[PDB]
Amino acid sequence: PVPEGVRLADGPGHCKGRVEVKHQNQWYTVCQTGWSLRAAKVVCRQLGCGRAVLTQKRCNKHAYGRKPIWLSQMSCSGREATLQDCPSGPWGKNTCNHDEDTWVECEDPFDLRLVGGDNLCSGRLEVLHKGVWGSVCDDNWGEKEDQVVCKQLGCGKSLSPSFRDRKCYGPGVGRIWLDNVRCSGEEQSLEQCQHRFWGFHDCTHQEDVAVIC
Amino acid sequence: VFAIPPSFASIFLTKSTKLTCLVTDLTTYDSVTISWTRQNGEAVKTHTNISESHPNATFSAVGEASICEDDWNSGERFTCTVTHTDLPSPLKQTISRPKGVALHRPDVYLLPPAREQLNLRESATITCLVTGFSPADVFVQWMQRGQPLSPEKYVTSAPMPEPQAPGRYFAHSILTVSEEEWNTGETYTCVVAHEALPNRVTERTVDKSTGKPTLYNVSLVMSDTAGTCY
Amino acid sequence: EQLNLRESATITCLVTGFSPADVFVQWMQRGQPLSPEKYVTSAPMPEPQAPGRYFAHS
Amino acid sequence: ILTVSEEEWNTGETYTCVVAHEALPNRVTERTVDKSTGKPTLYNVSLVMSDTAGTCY
Amino acid sequence: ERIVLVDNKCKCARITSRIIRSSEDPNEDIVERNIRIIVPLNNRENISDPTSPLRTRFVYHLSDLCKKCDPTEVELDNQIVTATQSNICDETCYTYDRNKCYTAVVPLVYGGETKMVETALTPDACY
Ligand SMILES: *[C@@H]1O[C@H](CO)[C@@H](O[C@@H]2O[C@H](CO)[C@@H](O)[C@H](O)[C@H]2NC(C)=O)[C@H](O)[C@H]1NC(C)=O
Ligand SMILES: *[C@@H]1O[C@H](CO)[C@@H](O)[C@H](O)[C@H]1NC(C)=O
Ligand SMILES: *[C@@H]1O[C@H](CO)[C@@H](O)[C@H](O)[C@H]1NC(C)=O
Ligand SMILES: [Ca+2]
Ligand SMILES: [Ca+2]
């Protein structure tokens, strides 16, 4: 029972689709009796595709064609990284129903691009929560946010500028994905900072923030 | 006899539409027919997915068929034929989705436990008052600190019609927590799922600190030079 | 919120912790009973933490 | 210094002074006064704290 | 232990709630509600229009302050769904907000150009 990889195919996206499984070149697919969201939280963690959103045990019309049902049973906690960290004891135990397949709609992961500037290390901030790129707001912006986003950018440390280059690097246009983002200084990236809900902003596009480092 | 439909509880929590009829052990039969037949006539195959485990327990099984298409949401005359040679009359049951029921959003009210109840210092009953929903089926789950509470902690009633309203229903959900949890100020959130809700789920939270206050202390600082808030 | 919406108020009687499942709940406004259409009482259901006690809300 | 008639000041009519200067951020700063703003002899504040006993999470 | 119930910086109302651990018995601990409201004595009715008349009546619907119309996420067994936190909603702004900078546009004439330049109604807000 070695799940090397669990690809997501037959779906609109790279990591939105049905769950497969790979062992010893045999591409196989997984049914499960207890197939919760935490299993998808594992599955879109070992692939590194965002947080897990939806986990449908949704059947389709029978002419799809499908691989057989994976031999072991996979029930675990969900806080772990890969499909090897939790046990898959009952090998050869196929107690799914007749013709069904699972489905995961985990998010595309957080790609963060500093746009509008001459270099990629200096520009207005733009983030990717959904498929649409969008800026973030400067409500209660702090130097902890600057050092967190520069740590995630992999581009050194902030210098805390005098706001003139940030106002000169562009107002931007589009949508504002984040407002009132608040980083504690220790988070690896911008998702793990406290913020208002994605896309719910009380600011216009004139308040798009820029981080210089 | 029973044929439990997928409600909005089974639709939303599990994301799997399972047609289920329960064949109680009236008499032991070898080839128990729990064949879930469509109005079209094709049968999505189910057989003994879980035993009934009734007090008699004489060859009783539950057949759950995953007709998970849009044909249930649109609607069809689905029939499981509980036809048996023992008691030779076929004790079948037919269930369909109820058609054209008007959709009104639930107004969800979270009632804190009574002051009379906390004086006993034994248990606190938090009431989730889901009322005003005209489609009958509703799913109510309690969470504390973002973790789903166990279903033995809370008990939710069947929806019954609201008295003054014509066809709108109401439901309760009584969460029985110990008094030392509620008096320390622990947030108990009522997650309720309904079709007529815009985001499909409403979360009311209650705790002692929000509650009903027993000492408002207001300070209307009328300052000339306020201008911007600080 | 119910009084804030200004169309309806629902006073809930929470009969809980009773062992035989035989409770009759009726409401009086000022000592005389309201009509049974105005209130609705749920059936006695098992209180889950207590072993055999029941509860009912009206 | 701006000289206006006396009944013009007592009927509201908020006068705004705008400046134009190099060191200013948007090059323009505006301040206003009227009868009720500049050194008034009356403060007609009518606070209405409605619905404070009603719902707040 | 003053948990911040609202921190509305547009009407300046701050509401904070605490359980005062007053007595030994855990019931008479008073749920204390601290409404702190700053009333701008000279701000106009429309803050973004500096020529607006003086704001005299300051009405604060405290239910409108305490509404939470940002949908939150909840974790179900099979799904993460956005969850509405109130039934109220489906803005006067007595005071300016510190984080928000408000600009008004004035008609500036020199030789009849009427170049409409935006001011800063709140300086040291977007500098
Ligand atoms: C408050 O004042 C602002 C600024 O004068 C008003 O905004 C302008 O309103 C006019 C008429 O509605 C529009 O033609 C302009 O395009 C607006 N400008 C801006 C920058 O928004 C606003 O309408 C006023 N609000 C109230 C309630 O009086
Ligand atoms: C004071 O405010 C009240 C509020 O309605 C208003 O009716 C009254 O005319 C005001 N009086 C003055 C002198 O501004
Ligand atoms: C309410 O009372 C507390 C004392 O417990 C005090 O510190 C606080 O300032 C009061 N609230 C306001 C708004 O003044
Ligand atoms: Ca904000
Ligand atoms: Ca801002």
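Within each chain the numbering goes from 1 in written sequence order, not necessarily matching the entry, and residues lacking coordinates are not shown. Here every chain gets a letter starting at A, and every ligand a number starting at 1, in the order they are written. Within a larger assembly, only the chains shown are considered here, and all values are given for them alone. Excluding hydrogens and water, the side-chain values take into account all heavy atoms of the structure.

The PDB entry lists chain E under the name Immunoglobulin J chain, from Homo sapiens. The title given to this entry in the Protein Data Bank is "Cryo-EM structure of human CD5L bound to IgM-Fc/J". UniProt positions are given in the numbering used here, feature names are shortened, and annotations may be inferred rather than shown by experiment. A UniProt comment under Function is attached to chain E, and it reads "Serves to link two monomer units of either IgM or IgA. In the case of IgM, the J chain-joined dimer is a nucleating unit for the IgM pentamer, and in the case of IgA it induces dimers and/or larger polymers. It also helps to bind these immunoglobulins to secretory component."

The PDB entry lists chain B under the name Interleukin-2,Isoform 1 of Immunoglobulin heavy constant mu, with Homo sapiens given as the organism.

Undergrad: Mind showing me how you'd approach the sheet that holds strand β1 (residues 19–23) of chain B here?
TA: As a general point, the strands of a sheet are linked pairwise by backbone hydrogen bonds and lie either parallel or antiparallel. All names here are of chain B. The strand order across the open sheet built from three strands is β1-β5-β4, with neighbouring strands paired in antiparallel fashion. Lying at the two open borders of the sheet, with one neighbouring strand each, are β1 and β4 (50–51). Across two bridges, the pairing between β4 and strand β5 (residues 61–65) is antiparallel. From the neighbouring strand, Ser51 faces β5, where its bridge partner is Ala61. Two strands pair if DSSP finds at least two bridges between them. Numbering of helices and strands runs from the N terminus; a helix is a DSSP stretch of H or I covering at least four residues, while a strand is a stretch of E covering at least two.

Undergrad: What is the right way to look at the interface of chain D and chain E in this model?
TA: As a measure of interface size, the accessible area lost when the parts come together is often cited. Any two residues whose heavy atoms approach within 4.5 Å are treated as being in contact. Taken together, the 28 residues of chain D in the interface contact 31 residues of chain E. Put simply, buried area is how much 1.4 Å-probe accessible surface two parts lose in total, over both of them, once they are put together. Taking both partners together, chain D and chain E bury about 2,600 Å²; carbon and sulfur atoms supply 60% of that area. Take a side-chain nitrogen of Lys or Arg and a carboxyl oxygen of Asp or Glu: if they are within 4 Å of each other, that pair is a salt bridge. Joining chain D to chain E, the criterion identifies one salt bridge. Residues D:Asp34 and E:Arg44 are paired through a salt bridge, measuring 2.8 Å at the closest nitrogen-oxygen approach. Counting of polar contacts relies on pairs of N or O atoms within 3.5 Å, with two restrictions inside protein: one atom must be capable of donating a hydrogen and the other of accepting it, and residues adjacent in sequence are counted only when both atoms are side-chain atoms. Inspection of the chain D/chain E interface yields 13 residue pairs in polar contact. Broken down by secondary-structure element, the contributors of at least two residues to the side of chain D that touches chain E are β1 (15–20), β2 (28–33) and β3 (46–48) of chain D. The element best represented in the side of chain D that touches chain E is β2(D), accounting for five residues. Just so you know the grouping, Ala, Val, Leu, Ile, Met, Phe, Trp, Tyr, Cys and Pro go in nonpolar, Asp, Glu, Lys and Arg go in charged, and all remaining residues, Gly too, go in polar. Across the side of chain D that touches chain E, the residue classes break down as twelve nonpolar, twelve polar and four charged. In this structure, β3(D) lies alongside strand β4 (residues 57–59) of chain E, joined through three bridges in parallel fashion. Following the sheet pairing, D:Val48 is matched in β4(E) by E:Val59.

Undergrad: Where do I start with the coordination of the calcium ion (ligand 4) in this structure?
TA: Reference values for angles at a metal are 109.5 degrees in the four-donor tetrahedral case and 90 or 180 degrees in the six-donor octahedral case. Residues and elements named next belong to chain A. For Na, K and Ca the donor cut-off is 3.2 Å; for every other metal, N, O and S atoms count as donors within 2.8 Å. Water does not enter the count, which can leave sites looking incomplete. Within the first shell, the calcium ion (ligand 4) binds the protein through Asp139 (OD) and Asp179 (OD), at distances of 2.4 Å. Of this pair, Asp139 sits in the loop between β8 (133–136) and α2 (143–153) while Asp179 is found in the loop between β9 (176–178) and β10 (210–212), placing the two residues 40 residues apart along the sequence. Comparing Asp139 with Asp179, the two get one shared label, buried. Partly exposed residues are those whose accessible area sits between 20% and 50% of the maximum for their type, while under 20% is buried and over 50% is exposed, using a 1.4 Å probe and protein chains only.

Undergrad: Sorry if this is basic, but what is going on with the site of ligand 1 here?
TA: Residues and elements named next belong to chain E. Close to ligand 1 lie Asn46, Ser48 and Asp49. Contacts to ligand 1 include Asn46, whose side-chain N or O atom sits 2.3 Å from an oxygen atom. Here ligand 1, which alone exposes 590 Å², has 18% of that area covered by the protein. A molecule or strand has a residue near it when one of that residue's heavy atoms lies within 4 Å. Residue-level accessible areas treat just the shown protein chains as cover; the underlying method is Shrake-Rupley with a 1.4 Å probe.

Undergrad: Could you clarify how one ought to interpret the arrangement of the chains in this entry?
TA: Pairwise contact counts over the eight pairs of chains in contact peak for chains B and E. Contact between chain A and chain C is absent, and the minimum C-alpha spacing across the pair is 25 Å. Nothing in chain A touches chain D; the tightest C-alpha to C-alpha distance between them is still 11 Å.

Undergrad: How should I be thinking about the state of the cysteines in this particular structure?
TA: A disulfide bridge is the covalent bond that connects two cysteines by way of their sulfur atoms. Only a pair of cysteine sulfur atoms within 2.5 Å counts as a disulfide in this structure description. In this structure the tally under the stated criterion is 16 disulfides over all chains. Across the disulfide from B:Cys21 sits B:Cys80; the S-S distance is 2.0 Å. Placement of the pair is B:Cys21 in strand β1 and B:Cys80 in strand β6 (residues 79–81), with a sequence separation of 59 residues. The pair formed by B:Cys21 and B:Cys80 is uniform in burial state, with each residue classed as buried. What pairs with D:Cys56 in a disulfide is E:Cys66, and their sulfur atoms sit 2.0 Å apart. Where D:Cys56 bonds to E:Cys66 through sulfur, the torsion about that S-S bond is close to -75°, and the disulfide is left-handed. Of this pair, D:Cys56 sits in the segment after β3 while E:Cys66 is found in the loop between α1 (62–65) and β5 (72–75), placing the two residues in two different chains. Of the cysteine sulfurs around A:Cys168, a residue in no disulfide, the closest is that of E:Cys126, at 13 Å.

Undergrad: Looking at this structure, I do not really get the sheet that holds strand β11 (residues 147–148) of chain B. What am I missing?
TA: Strand order in this open sheet of six strands is β11(B)-β10(B)-β16(B)-β17(B)-β6(E)-β5(E), and the pairing throughout is mixed. Every interior strand has two partners, whereas the edge strands, β11 of chain B together with β5 of chain E, have only one. Of the strand pairs in this sheet, strand β17 (residues 201–206) of chain B and strand β6 (residues 80–84) of chain E are connected by two bridges, and their pairing is parallel. Opposite B:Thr202, over in β6(E), you have E:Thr84 as the bridge partner.

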